[PDB]
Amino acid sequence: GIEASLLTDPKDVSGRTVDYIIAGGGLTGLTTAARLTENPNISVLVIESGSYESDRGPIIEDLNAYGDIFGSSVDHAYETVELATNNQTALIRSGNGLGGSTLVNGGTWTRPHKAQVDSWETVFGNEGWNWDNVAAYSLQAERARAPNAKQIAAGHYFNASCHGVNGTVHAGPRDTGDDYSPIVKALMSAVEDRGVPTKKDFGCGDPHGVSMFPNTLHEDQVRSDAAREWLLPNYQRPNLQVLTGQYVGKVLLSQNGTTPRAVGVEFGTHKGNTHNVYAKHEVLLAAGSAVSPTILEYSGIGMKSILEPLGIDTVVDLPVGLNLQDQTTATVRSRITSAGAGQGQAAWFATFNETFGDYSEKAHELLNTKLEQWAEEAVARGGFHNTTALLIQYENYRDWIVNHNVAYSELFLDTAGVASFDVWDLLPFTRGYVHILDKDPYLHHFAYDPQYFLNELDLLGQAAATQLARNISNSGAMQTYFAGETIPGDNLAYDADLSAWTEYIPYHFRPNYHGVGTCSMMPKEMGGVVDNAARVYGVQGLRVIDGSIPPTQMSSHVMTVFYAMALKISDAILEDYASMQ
């Protein structure tokens, strides 16, 4: 069985050499491990802090149990700094175990807007990283099931041209067995009355309007976590080894040559009892966006101003840990009538003007005139180091909004007994950072600061989007099922205006846990940490291959893109393997 195959004893790899070491057995780590070990000549060692959780039971396997796992050993629960917006510490839910956050996520499977991925090539200089190519890889990774009559009647629409059916990640409609709630179609009707589209397939490249979507689960409804999809079918490969229960602390570097070279990693759980393992080809960091950048800093790769005070010698100076981009989420929940009973989720990917409504003109005026001021302010807060380069990101977002009308906010609807919306501004302008606060990796002492709501448009956009969810919950066809609001409920007057919502939101939000950008894939001159093959600048044999690298957020759930990203980087790694013989 798979459990018996896992390594737990450090002595089983201490001092040994393998071709590739992957730090982190999460979404990108396991996808990459599977792709690389297809060649029997290539030995891979995945080092994961957690262990196998896929067969534990409903708390992991049933998507409807979402959230029950929070606070447990399968949740890293990274704590942020005391946030300036509300003087409180927030918790960043992040999966701890083989499969990473795919063990604890909502399972939502959607793709971003074509123009967003295209800009990774045209604005962020990543040759080959455009919608056509990334989408091709995403379809390659996908194994989707079309909806049946019951699911179609509920509101599903599936364009076969936009989905892979021969891939690895099992995806299809969530179906608990009971009737689907008529509230999903009621929401579609409510937005149709406003001229908003409905039933677009959110995997086709223009996510806009209200639609249902596939989920990452098998037909029997078992969660398609990355370990179940990429490791379980392949664990008997002799060349694939997985060490659990250990943290990679830092990358071992040789500076005896021209350019520093990653020769292995140090791992363990506490200072003073560590172990080294070596890589003949490369070290690949896939510990997640909150951690890969710290592994770099502990190794001497990061900003001298950060490393020197901690006693760490700066081997390669790069803006590691900056450009952190996570979203803010708030909730609107209402009681429903029994007529609205049934299962079902849907989401409104709302454009900038749909989000702001009659405040659209004023919001556009800010978007048009405040970009330089915002960039200077974010740099002064330490969210980024180069103002001009940040301004380019902001103008890219403006171009997405004004020239491509991409979705700006997401209003995610859960039913199953209530009408509940989790709402988030998809494109935050704030930029945060993560930096280590000690030289010892095993102390796990770091400052993770997303700087939520420190940009004024992010506060206005979140407030407008959440106000919209309240509005639509009692608009048009939705009025029928409305049986009273419970959240905010008594906590915010029902007729509250936009200003009132902006005062309420800082005290009633949670991180969205979609953090990206801490090792941004963009040119060094634009503040990047990795090139278009995910290679860390100035270091040989070292890559960052996880959610740390996307240089922008996107109007979608990220799994479809991260699986594609891992497969694309895997190909680049294999091309270099052939060049290093």
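So that the term is clear: the rigid core is the largest set of C-alpha atoms that superpose within 1.5 Å between two forms. Residue positions are given as counts along the sequence shown, with the first one as 1.
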Worksheet entry | Farther-lying stretch by C-alpha RMS in 4 other deposited structures of this protein, rigid core as reference, of 190-198 and 250-258 | 250-258
Worksheet entry | 7-15 versus 563-571 - greater average Cα B-factor per the deposited record | 7-15
Worksheet, complete the sentence: For 428-436 versus 125-133, entry-based mean Cα B-factors point to 125-133
Practice prompt. Please work out which residue in 556, 32, 512, 41 has the highest C-alpha B-factor recorded for this crystal structure.
Written response: 41
Worksheet item: Looking at 212, 169, 165, 98, which has the highest Cα B-factor in the entry?
Response: 165
Worksheet item: By its CA B factor, does residue 518 count among the lowest, middle or highest third of the modelled residues in the chain?
Response: lowest
Worksheet, complete the sentence: By the entry's values, the third containing the CA B factor of residue 442 is the middle
Worksheet item: C-alpha B factor of residue 539, ranked within the chain: lowest, middle or highest third?
Response: highest
Worksheet entry | residue 525, C-alpha B-factor rank within chain (lowest, middle or highest third) | highest
Worksheet item: Of the three thirds of its chain by CA temperature factor, lowest, middle or highest, which one includes residue 68?
Response: middle
